[PDB]
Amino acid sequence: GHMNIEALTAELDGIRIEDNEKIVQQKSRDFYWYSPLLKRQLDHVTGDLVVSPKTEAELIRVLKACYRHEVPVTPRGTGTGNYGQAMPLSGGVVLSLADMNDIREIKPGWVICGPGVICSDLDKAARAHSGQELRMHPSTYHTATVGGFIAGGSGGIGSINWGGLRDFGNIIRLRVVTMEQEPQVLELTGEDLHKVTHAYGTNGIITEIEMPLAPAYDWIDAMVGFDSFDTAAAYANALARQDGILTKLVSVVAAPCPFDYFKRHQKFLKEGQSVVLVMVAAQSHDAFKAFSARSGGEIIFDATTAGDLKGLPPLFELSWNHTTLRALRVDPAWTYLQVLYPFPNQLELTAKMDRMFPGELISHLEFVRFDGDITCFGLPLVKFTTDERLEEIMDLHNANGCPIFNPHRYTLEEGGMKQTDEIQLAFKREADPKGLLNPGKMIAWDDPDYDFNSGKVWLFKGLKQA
């Protein structure tokens, strides 16, 4: 309970605020509980107030009042993150951007919108306007905001074509408001916007996004079935390398996950079958069938031949961390890892990890472009037993050439994605000199003795060059 809440509230007349304990608690939590460790470590976290600005002017009024009363501010889109990113470690204000949902420009190849736009609503507008859609979106498409995807996410559906938010070009411009005595507006383009990507809101509030757009095609859901995980992974790798077959998703989900946890599609599945989830553009569908017939890929579900699709979720809601959701809804002991299998050894590495952890781990791959190669990331399911065994499983992945981005952590550095360097530290001081933006999420800000120059493989490498 921050000491200055009464005075801060008195300065916010006319701005929508909420101090009801139950609502504040709900809006102080994301999906951190996918991690048993975070579920325990973050159980006591709650804010003091939820503040919901409608416009950038209201946001500036809120930040100015929080700065002068030194009340921490933790941004929130819609709170669908998995690492506790939007959770206020120091209490204070949960700053919801959900009402800043303008969509102000759609052009051939790009869109300009506010941070609170839900991904699926952005696509609804871009499709109606000119048959366009986002290049990539999280499997939380229907619930997650664009601003929270940029500040807290990394990629997802469409990464097979475009890579991820780590890559130049997948975001065009970020307009950011600083936490200063007089909040400043920064228009970040070029490499500068990459200081903000996956920074958990610690270096400014995104108030406008310019992102590229891609063509909205008739994407056809298909599942390809296999009697082993290795054969499924080999097929998915080969399909992902078909440069003329346009896909939006290529996932591998190892048995027993599909038959056990993909309940609505169960009529298309059988016990022991691993599956490859595919979204294929209608103009590439015939070639996909011809390639699959040549490549030993049995199509066990095709949205164009399956008949009545009523009640079936889109295959993307069986992919990415939706795969984890489907498993933990049936058995809550399942958690997950985040893994890279570096090119060109991804088939051998995924198989080795699969064999190393029988029963305890269920393999799950997502094929993506990564540094110009086609490879796969992993979201393997892990049956939680003890904290120590979970750390050991992750240590073993790292020691066997499969870098881990630890999702059982709530800080930037320990999560393995957003590298801290001198430029990141200088920018946080520029955008948040008092350290009021999402405190506790950046270890190097709190600890001048912390060695931020360790950590091997970073998904979002820092800007500083050699």
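Don't overthink the numbering: it's just position in the shown sequence, from 1.
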Subject >> Mean temperature factor over C-alpha atoms, higher-scoring stretch between 371-379 and 332-340 >> reply: 332-340
Subject >> Stretch with the greater mean C-alpha B-factor as recorded in the entry, comparing 388-396 against 131-139 >> reply: 388-396
Original post:
If you compare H198, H285, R264, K107, which has the highest Cα B-factor in the entry?
Top reply: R264
Original post:
Of the three thirds of its chain by CA temperature factor, lowest, middle or highest, which one includes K248?
Top reply: lowest
Original post:
Hey, what third does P183 fall into on Cα B-factor, ranked over its chain?
Top reply: middle
**OP:** Place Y235 in the lowest, middle or highest third of its chain's C-alpha B-factors, as listed in the PDB entry.
**Re:** middle
Subject >> CA B-factor placement of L437, once the chain's modelled residues are sorted into thirds >> reply: lowest
**OP:** Determine, from the deposited record, the chain-internal third of the Cα B-factor for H364: lowest, middle or highest.
**Re:** middle
